[PDB]
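Here the structure comes first, spelled out in C-alpha cells, and everything after it is commentary.
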Protein chains: 8
Amino acid sequence: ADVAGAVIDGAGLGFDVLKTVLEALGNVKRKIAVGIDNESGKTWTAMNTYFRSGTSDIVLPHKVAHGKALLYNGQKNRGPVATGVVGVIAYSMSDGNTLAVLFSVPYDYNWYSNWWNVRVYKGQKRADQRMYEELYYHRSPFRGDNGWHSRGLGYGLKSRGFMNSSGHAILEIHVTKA
Amino acid sequence: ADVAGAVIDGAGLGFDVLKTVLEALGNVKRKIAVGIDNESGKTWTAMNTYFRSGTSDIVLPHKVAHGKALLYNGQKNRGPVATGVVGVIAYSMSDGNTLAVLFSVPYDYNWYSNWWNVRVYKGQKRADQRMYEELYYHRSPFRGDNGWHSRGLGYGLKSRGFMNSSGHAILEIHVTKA
Amino acid sequence: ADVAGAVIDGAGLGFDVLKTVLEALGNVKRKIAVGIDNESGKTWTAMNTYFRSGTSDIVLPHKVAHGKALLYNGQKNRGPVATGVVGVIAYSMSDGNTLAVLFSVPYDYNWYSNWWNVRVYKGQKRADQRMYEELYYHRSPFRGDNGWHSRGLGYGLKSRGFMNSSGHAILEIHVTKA
Amino acid sequence: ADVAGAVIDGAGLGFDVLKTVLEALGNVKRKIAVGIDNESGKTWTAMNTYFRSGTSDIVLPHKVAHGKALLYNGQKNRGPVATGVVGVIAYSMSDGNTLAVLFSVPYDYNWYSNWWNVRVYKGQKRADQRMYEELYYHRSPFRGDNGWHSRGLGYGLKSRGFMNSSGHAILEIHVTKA
Amino acid sequence: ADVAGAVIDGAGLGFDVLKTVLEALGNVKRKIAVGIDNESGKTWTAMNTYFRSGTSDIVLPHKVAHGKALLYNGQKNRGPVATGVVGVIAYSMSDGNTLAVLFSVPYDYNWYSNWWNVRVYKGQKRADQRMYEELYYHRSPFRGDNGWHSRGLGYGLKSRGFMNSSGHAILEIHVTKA
Amino acid sequence: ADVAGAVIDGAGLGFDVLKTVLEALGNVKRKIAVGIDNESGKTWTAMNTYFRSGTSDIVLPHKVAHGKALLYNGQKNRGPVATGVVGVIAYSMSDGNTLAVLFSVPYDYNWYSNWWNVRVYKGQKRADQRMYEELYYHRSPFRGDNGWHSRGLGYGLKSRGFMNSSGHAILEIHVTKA
Amino acid sequence: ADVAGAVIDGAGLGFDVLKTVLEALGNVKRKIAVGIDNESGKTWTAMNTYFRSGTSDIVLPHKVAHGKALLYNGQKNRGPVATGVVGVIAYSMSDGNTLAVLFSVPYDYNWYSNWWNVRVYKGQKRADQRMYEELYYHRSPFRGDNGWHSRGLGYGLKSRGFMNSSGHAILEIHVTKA
Amino acid sequence: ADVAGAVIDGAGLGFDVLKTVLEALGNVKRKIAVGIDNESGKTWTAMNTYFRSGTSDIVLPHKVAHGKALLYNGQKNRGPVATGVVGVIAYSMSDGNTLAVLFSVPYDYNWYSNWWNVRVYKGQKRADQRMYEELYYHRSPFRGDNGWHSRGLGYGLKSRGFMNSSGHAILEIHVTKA
Ligand SMILES: CC(C)CCC[C@@H](C)[C@H]1CC[C@H]2[C@@H]3CC=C4C[C@@H](O)CC[C@]4(C)[C@H]3CC[C@]12C
Ligand SMILES: CC(C)CCC[C@@H](C)[C@H]1CC[C@H]2[C@@H]3CC=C4C[C@@H](O)CC[C@]4(C)[C@H]3CC[C@]12C
Ligand SMILES: CC(C)CCC[C@@H](C)[C@H]1CC[C@H]2[C@@H]3CC=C4C[C@@H](O)CC[C@]4(C)[C@H]3CC[C@]12C
Ligand SMILES: CC(C)CCC[C@@H](C)[C@H]1CC[C@H]2[C@@H]3CC=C4C[C@@H](O)CC[C@]4(C)[C@H]3CC[C@]12C
Ligand SMILES: CC(C)CCC[C@@H](C)[C@H]1CC[C@H]2[C@@H]3CC=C4C[C@@H](O)CC[C@]4(C)[C@H]3CC[C@]12C
Ligand SMILES: CC(C)CCC[C@@H](C)[C@H]1CC[C@H]2[C@@H]3CC=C4C[C@@H](O)CC[C@]4(C)[C@H]3CC[C@]12C
C-alpha cells in the first residue's frame, strides 16, 4: 500500500545515493611514481615490493646498474575502497646489503600524510610488514611535504630525496656514494 | 490496484539494481600477460594451455627457440561472471620434457591471491586439471606478491620469475640453464 | 482506472526489461578468424563455405597457392539472436580431392564449446549440412581448448591446428606434406 | 479524469515503443558491393541499373574496358522501411549484346535469401522489372551462400561468381572468355 | 484539478511527439551534386541557378572552359521543411545560346522521383520558374533511375547524362560536340 | 494543493518548451562571407563596416591593393535572437571615392531574402544607417538568388557579383576597370 | 502533506530553472584580444593592466621594441557573473611618457557597447581606476563599431585603430610616428 | 504515509542540490605556474615548497644554475574543497642565503586576491608557516594585479616580477644582479 510505496521510494533514493557515493569513492586516485638514481657504485638486484596498501601493474625492474635509474609505480586497489598505496621496495645491493625505500600515499588525508623513507639493512632482507613498520614508525620517515631531504644511509652511502604532498605522488631519490 | 502498482515499482527498482550490479560485475577486469624467456639451450614446442578459469583470445606460439621469448595473454570470461583467469601453460622441450607454468589471477581477492608456479615434468604431458591442481596445491606455488622468486627446476634448468599482485597481472619468467 | 494504469506501468517495465535484454543479446560477439597455411604442394581452389550458423562479410579467397595462407573470417548473425558461427570451408585441391575445415563457435557456452576439425574427402565435394554433421559428430573434431593438435589427413598430407576457447575464436591450421 | 490520464500514459508508452521500433528498423543495414572483372575481350558500356528495391549513391561507371573492373554499390532506402536492395545491372557489350547481373539482398531473411545471377541477352536491353523477374524466377539464380559458382554465359563467355550470405553483401563476378 | 493535470500531461506528450517529429523531419537529407563536362568547343559563362526548391551554399562557377568540368551542389532548406532541392542551372555559351540543366531531388518519394533534363535555348536566357516548368513538364525530362541517357541537344551538341535515384543525388552530364 | 501542483507542472512544461525554443533559436546560423576582388587599378583603404544587424569577429582588412582580394565575414548576434546579418562595407579608394558594398542575410526567410548591392559614392563616406537604407531601398539591390549580376559602377569602374540564397551566404564581387 | 509535496515540487522546478540560468550565464563569452604595433621609434616597457572588469590568463609582455607587436588578451571572470572585460593597458615609453590603451567589452549589450581609446600621458603613470574613467568618459573613446579610427596622440605620435562590435572583440592598434 | 513520501522527495531534492553544488565546487580551478629566471650569478639549490593551501604534482627542481629558469606549478587540493593554492618556495643560494617566493591564489575572490612576494633571508631557512606569514602579512607582498613590480632584494640582488589576477595564475619573476 502507501507504506510499501514509501519504502520502495526510499530504497530507490538510497540506491541513487549509494551509486553516487561508490562512483565518488572509485574516482579517487592515489598513485605513486618512484624514481631512484643509483650512484652508489654497485649494482642493485630487485628483491621485492611489499604493498601494505595498493598494488602495482608493472614488473619491478630486476637490475639497476650503477648510473642507471629504477623506475617504478603503483596505485591504490581498483574499486571504491578507502585505501591508499603504502609499501616498501627492497633491492639487493652488490655489497650484500639491502636498500629499502618506504613510500606511503594514504587515502584519507584528514588523518594521514604522504611519507617516505630510505634505509640500508645489513644482509639480504625482503620487504615485509615488519620492515614497513620499522621504516614508517621507528626510522624517522621523511614527510612528503614538497621538500628535499638528505640523510646519510651509512655503508659509504647517502641519500637525497623528494616527495610531493598530493595524491598523485612522485618520490624521487638519489642514492649516491657518501 | 495499489498493491500491483507497488509490486511494479519494486520490480523496477530491482531491475535498476540488477542492471547496476551486472554492469559493475562485467566491468571487472582480470587479465594475465605471460612472458617467458628461454635461455635453456633447447627449443620449446607449444603443447596446450589449460584454462581452469578464463580464456585467451590469441594463438599460443607454437615454437619458442632458445634466446627467444614466449608472449601470451589471457583474461576472464566476458560478461558478469565472478571468475578470474587461472590456467597452466604446457610447452614441450627438445630434451623430451615438459615445461609447465601455472598462473592464477582470481576474481575474488578477499579470499584468493595471485599465484604462479614453474615446474618441469618428465616426458610430454599436456596441461589439464590434474596438472593445475599439482602446481597450485602441492608444488609450492609462488605468490604474486610483486617479488622476484628463483627456484631450481632441475634437469640442468633454473627459473627466475616475477608476478605482481594486481588484477592486471604480469607474469615474467626467465628459464635459464642451471 | 487504477487497473489500466497498473497495466500500463507493468507494460512499460516489461518494455524496459525487453530493451535491456535485446541490447545485451545483440552485444554478444561470436566471431571466428580462420588462417590455413598451405604447404601441401598443390594449389587450393575455393569451393564454398557452408554456414550452419552465422555468416561472413568477405569473399572466400578463390585461390590459395602452395606456400600461401588462406585468410577468412565470419561472425554470428547481426541482431539479438542466440546463435553462434558454425560452418565448414571446402576447398578443391589440385590432386582432385577436397579439403574440409569445420569450425564451431557456439553462442551458449553453458552447453557447447568451440570445436574444429580438418579432413580430406576423395573427389570434389561442396560443404553442406551432411559434411558439417560428419565433421562435427563422427570424424572426431578437436576441441577448441587452446591446444595444438596434429592429425594425419592422409593422401600424403598432415595437419597441425590450434583453436582458442573464447568467443573471439582464432583457428590456425597448417596443412603440410606428410 | 483518471481515464484521460490512463489514455495519455498509454499513448506515451506507445510513443516510446514506436520510437524504439522505428530506430531499430532504421538501424538495419542492407548494402551490396558489386565487383565485376571484365576479361571478355570487349569493352562494356553502362546502360542502367534497375533497382527493384533500394538505391545507389554513386554513378554507374560508364565504361569498363577489357581487363578492368566495374565497381558499384547500393543499399536499402534510408529510413525505417522493411525493404532490401534488389536490382539488375545492364551493361552494353562491344559485340552488341547486353550483360545483365542480378543482385538481391533482402530485408527479411526469415523468408528470403541473398541471390545473384549473370546472363547475356542478345541485343541492347535495358534493365527493368521484366529482366529482373527473368533473372530471379526463371534463369536459375545462384544463391548467395558463400560459394563460388561457375556458369557458361554463351557467346564465347563464361562467368565465375561469389556472393556471401550476410546483409553486408559482396558480389564478385569474373566474366571471362569461354 | 484533475482535468488541468490531464491537459498538462497531454500537452507534454504532444510536445515530446512534436520534438521527435521535427527532429526526424530536420534529419532528412536531400542534396544534389552536379558535374557537367564541357566538350562543346565553347566557353560557358554562368548566368544563374534558379532554385524552385532548396538552395546552395557555394558560388556558381563563373567560367567553364572547354575541356573543364562545372562542379556545383545544392541541398534542401535547413530545418524541418518537407521540401527537396529542385532547380535549373543556366549557363551562357560562347555561340550566344544558353545551356539549361534541370535537376529535381524531391522530398516526398511516395509521389515524386528524381528528375533531370538538359536543353539548349536560343539566345541568352536566365533560369526562372518558366524555364523550370518547361524542362520539367514539357521537354521530356529523364528520370533519375540510375541509368545513362543520351539526347542530341542540337546546335551541333549532344548530351550524355546519369542520375541516381537516391536522396543523395549525383547528376553527371557530358555535353559534347555532336 | 491540487491547484498548486497543476500550476507547478504547467510551469515545468512551459520551462521545457521555452528551453527547446531557445535552443532552436540559438542554433539558427546566419553568416556572410564577403570576397571582393580589386581590379580597379587603385588601392582600397578600409573605412568601416556598419552592421545594421549582426556583427563580425575579425578585423576589416585595412588595405586591399590592386590585384588583391578583400576577405571578410560576419554572422548574426550570438544567442537566441531573431536577427540576421545586414551591413554595409565602406572602403576608401585612391581616387578619393568610396566603395560601398551592402550585404543582407535575414533571419526570417518567410518575409525577407538575401540581398546585396555595390555602389561608388563621390568623396569619402563612412558606412552608416543612411547609406544602408540608400543601398537597400533606393539603389536597386541585387537579390541573392544564386545568380551573377553585372552593373557599371561608374568612374571607369564596373562590378560583377554573385550571392547565394542560403543562410550560409557567400557574396563574391569583382570590381574591375570599366 | 499535499502542501509540503507541492513546495518540494516547486523547489525542484526552481532548482532546474536556476541550473539552466546559471549554465547560460556561464556560457556567455566576453574576451578581448589586443594587438598593438609599435612604429613609434622607441621601446615600450610594460607597466600594468588595470582590469575594471574581467582578468587575463597571460603575462603582459614586458618589452615591446620598435617594429614589434604587443600581443595580449583577457576575458570576463569565470563563472556565471554578468560582467565583461574592461581595462586599461599602461606601457612605459623610452621618452619617459606612458601609452594607455582602454578596452571595454561589456557583458550587457542592451545598454553598453564595445569601446576603445588610446592616449599618451606625460610621465610614467600606472593604469588605475582614474585613468580608466578618464579614457572612458572624458577622452572621447572610439566605439568598437567595426571601423578604423585615426587620432593624433601627440608627442610626434599618431594612432590608427580598429575594434569589432562582437563579444569576441579584437582591438588592433598601430601607434606610429606622426 | 504522505509525510514519509514528502520527506523522501525532499531528501531526493536535497541530494540533487548537493550533487550539483559538489560538482560546481570541484570544477573550480585554482592553479599557479611559477617561472623564476636566475640572473643572480649564483646557483640555486631547492630547499622546499611549503603549501599553506593546495599542493603540487611535480618535483621541485633541485638545481637552478645561473642563467637558467626554475619552472614549477601547483594547484588547489582535488575535490570540492573551498581552498586555493598558497605557498612559499625556498631555494638555497650559493652565497649561503635563502630565496623565498610567496604565491597566493585564493579560492574565494570576494574577500581575497592573488598575492606574491620575493625576499632574501640570511642563512639557509626552509619555507614554513612562519615564513609564509612574514611574506604575506609583514613584508609588503605585491598584489597579483596584472602589473610589473620591481624591488631591490638586497645582497646585490633585485627582483622584477609579474602576476595576473585570475585563478589560472602565472607568476613570472626575474631575480637579477642589482
Ligand atoms: C541500509 C542497509 C541496506 C545497509 C547499507 C550499508 C551500506 C551503506 C554499506 C554496507 C557495506 C559498505 C561498504 C563495505 C566496504 C567498503 C570498502 C571501504 O574501503 C570503503 C567503504 C565501503 C565501500 C563500504 C561503503 C558502505 C557500505 C556499502
Ligand atoms: C528476486 C527474484 C526475481 C530472483 C532474482 C535472482 C537474481 C538476483 C540472481 C539469479 C541468477 C543470478 C546470477 C547467476 C549467475 C551469475 C554468474 C556468477 O559468476 C556471478 C553472479 C551471477 C551474475 C548471478 C547474479 C544474481 C542473479 C542474477
Ligand atoms: C494505434 C494507432 C495509433 C495505429 C498505430 C499504427 C502504427 C503502429 C503503424 C502505422 C503506419 C506503420 C508504418 C507504415 C510503413 C512502414 C514501412 C515498412 O517498410 C515498415 C513498417 C512501417 C514503418 C510501418 C510501421 C508501423 C506503423 C507506424
Ligand atoms: C494541437 C495544436 C496545438 C496544433 C498543433 C499543430 C502542429 C502539429 C502543426 C502547426 C504548424 C505545423 C508545421 C508548419 C510547417 C511545416 C513545414 C513543412 O514543410 C513541414 C511540416 C511543418 C513543420 C508543420 C508540422 C506540423 C505543425 C507543427
Ligand atoms: C508566460 C509568461 C511567464 C510570459 C512568457 C514570455 C516569454 C515566452 C517571452 C518573454 C521574453 C521573450 C523573448 C524576448 C526577446 C527575444 C529576442 C528575439 O530576437 C527573439 C525572441 C525572444 C528570444 C523572445 C522569446 C519569447 C520570450 C522568452
Ligand atoms: C541537512 C543535513 C543532512 C545536513 C547537510 C549538511 C551539508 C549541506 C554539509 C555537511 C558537510 C558539508 C561539507 C563539509 C566540508 C566542505 C569542504 C569545504 O572546503 C567546502 C564545503 C564542504 C564541501 C561542505 C559542503 C556542505 C556540507 C556537505
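We name chains A, B, ... following the order of the C-alpha cells; residues begin at 1 in each chain, and ligands are numbered from 1 as shown.
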How would you write, as a ChimeraX atom specification, the set of residues in stretch 17-142 of chain F that DSSP gives as strand (DSSP E)? /F:31-39,44-53,63-64,69-75,85-93,98-105,115-121,142
Residues within 9 Å of ligand 1, counting only C-alpha atoms and all ligand atoms, as an mmCIF file with N, CA, C and O atoms, in the first residue's frame:
```cif
data_model
loop_
_atom_site.group_PDB
_atom_site.id
_atom_site.type_symbol
_atom_site.label_atom_id
_atom_site.label_comp_id
_atom_site.auth_asym_id
_atom_site.auth_seq_id
_atom_site.Cartn_x
_atom_site.Cartn_y
_atom_site.Cartn_z
ATOM 1 N N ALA A 11 14.051 3.250 -0.794
ATOM 2 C CA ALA A 11 15.081 2.332 -1.260
ATOM 3 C C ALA A 11 15.702 2.820 -2.559
ATOM 4 O O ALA A 11 16.912 2.699 -2.758
ATOM 5 N N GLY A 14 17.995 5.681 -1.653
ATOM 6 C CA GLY A 14 19.213 5.135 -1.082
ATOM 7 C C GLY A 14 20.098 4.485 -2.125
ATOM 8 O O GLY A 14 21.323 4.565 -2.049
ATOM 9 N N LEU A 18 23.815 5.619 -2.912
ATOM 10 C CA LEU A 18 24.891 4.637 -2.860
ATOM 11 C C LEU A 18 25.665 4.597 -4.168
ATOM 12 O O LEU A 18 26.892 4.474 -4.162
ATOM 13 N N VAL A 21 27.884 7.668 -4.181
ATOM 14 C CA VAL A 21 28.978 7.522 -3.226
ATOM 15 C C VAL A 21 30.026 6.554 -3.754
ATOM 16 O O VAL A 21 31.230 6.811 -3.658
ATOM 17 N N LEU A 22 29.588 5.423 -4.308
ATOM 18 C CA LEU A 22 30.533 4.442 -4.825
ATOM 19 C C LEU A 22 31.304 4.995 -6.014
ATOM 20 O O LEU A 22 32.507 4.750 -6.143
ATOM 21 N N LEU A 25 33.897 7.346 -4.591
ATOM 22 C CA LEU A 25 34.978 6.609 -3.946
ATOM 23 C C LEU A 25 35.893 5.960 -4.975
ATOM 24 O O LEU A 25 37.117 5.939 -4.803
ATOM 25 N N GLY A 26 35.318 5.421 -6.050
ATOM 26 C CA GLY A 26 36.123 4.813 -7.092
ATOM 27 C C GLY A 26 36.871 5.808 -7.949
ATOM 28 O O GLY A 26 37.880 5.445 -8.561
ATOM 29 N N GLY A 79 38.529 0.002 -7.601
ATOM 30 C CA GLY A 79 37.238 -0.081 -6.965
ATOM 31 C C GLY A 79 37.082 0.928 -5.849
ATOM 32 O O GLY A 79 38.029 1.617 -5.462
ATOM 33 N N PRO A 80 35.875 1.033 -5.308
ATOM 34 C CA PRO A 80 35.596 2.028 -4.256
ATOM 35 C C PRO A 80 36.058 1.563 -2.881
ATOM 36 O O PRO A 80 35.274 1.267 -1.978
ATOM 37 N N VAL A 81 37.374 1.497 -2.707
ATOM 38 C CA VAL A 81 37.982 1.093 -1.447
ATOM 39 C C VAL A 81 38.749 2.278 -0.885
ATOM 40 O O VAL A 81 39.477 2.959 -1.612
ATOM 41 N N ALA A 82 38.577 2.525 0.409
ATOM 42 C CA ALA A 82 39.182 3.684 1.061
ATOM 43 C C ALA A 82 40.584 3.345 1.572
ATOM 44 O O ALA A 82 40.894 3.453 2.756
ATOM 45 N N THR A 83 41.437 2.934 0.643
ATOM 46 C CA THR A 83 42.820 2.605 0.945
ATOM 47 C C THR A 83 43.731 3.279 -0.067
ATOM 48 O O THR A 83 43.377 3.432 -1.237
#
```
Pick out the residues sitting within 9 Å of residue H:176, and hand them over as a ChimeraX atom specification; count only C-alpha atoms, and ignore anything fewer than 5 positions along from it in its own chain. /H:37-41,156-160
In Å, rounded to a single decimal, give me how far atom CA of residue E:15 is from atom 28 (C, counted along the ligand's line) of ligand 4. 10.0 Å
Rank E:105, E:131, E:88, E:4 by their smallest atom-to-atom distance to chain D, using only C-alpha atoms, and report the top residue only. E:4
Using DSSP secondary structure from the backbone, list all helix (DSSP H, G or I) positions within chain G, as a VMD selection string. chain G and resid 2 to 26 129 to 138
Counting only C-alpha atoms, collect the residues of chain F whose closest atom lies at most 7 Å from chain E, and write them out as a PyMOL selection string. chain F and resi 2-3+6+10+13+146-148+164-166+168-170
Those same residues - N, CA and C atoms - I'd like them written as a compact mmCIF listing (two decimals), in the first residue's frame.
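Heads up, here's the output in part_6.txt:
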```txt
# COMPACT_ATOMS: atom_id res chain seq x y z
N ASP F 2 -3.99 20.68 -4.97
CA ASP F 2 -4.04 20.19 -6.34
C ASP F 2 -3.80 21.31 -7.34
N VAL F 3 -4.35 22.49 -7.07
CA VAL F 3 -4.17 23.62 -7.98
C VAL F 3 -2.70 24.01 -8.05
N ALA F 6 -0.80 21.46 -10.09
CA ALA F 6 -1.06 21.65 -11.51
C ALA F 6 -0.32 22.86 -12.05
N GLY F 10 2.47 22.73 -14.98
CA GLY F 10 2.37 23.56 -16.16
C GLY F 10 3.58 24.46 -16.33
N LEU F 13 6.36 22.32 -17.69
CA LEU F 13 6.16 22.09 -19.12
C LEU F 13 6.52 23.33 -19.93
N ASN F 146 21.42 33.16 -56.27
CA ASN F 146 22.36 32.25 -56.91
C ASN F 146 22.59 32.63 -58.37
N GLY F 147 22.62 33.93 -58.65
CA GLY F 147 22.82 34.41 -60.00
C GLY F 147 23.90 35.47 -60.06
N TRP F 148 24.58 35.51 -61.19
CA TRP F 148 25.60 36.51 -61.45
C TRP F 148 24.95 37.77 -61.99
N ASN F 164 24.57 33.65 -53.09
CA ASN F 164 23.63 32.54 -52.99
C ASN F 164 22.44 32.93 -52.11
N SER F 165 21.46 32.04 -52.06
CA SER F 165 20.20 32.31 -51.39
C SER F 165 20.08 31.67 -50.02
N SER F 166 21.13 30.99 -49.55
CA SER F 166 21.05 30.28 -48.28
C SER F 166 21.47 31.19 -47.13
N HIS F 168 23.86 30.49 -45.08
CA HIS F 168 25.32 30.50 -45.09
C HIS F 168 25.81 31.21 -46.35
N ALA F 169 25.53 32.51 -46.40
CA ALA F 169 25.66 33.27 -47.63
C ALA F 169 27.12 33.56 -47.96
N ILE F 170 27.44 33.48 -49.24
CA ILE F 170 28.73 33.90 -49.77
C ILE F 170 28.46 34.96 -50.82
```
Contacts of residue A:121 at 8 Å (only C-alpha atoms; same-chain gap of 4+ positions) as a PyMOL selection string: chain A and resi 97-100+125
Interatomic distance (Å, one decimal) between atom CA of residue H:43 and atom CA of residue H:123: 15.0 Å
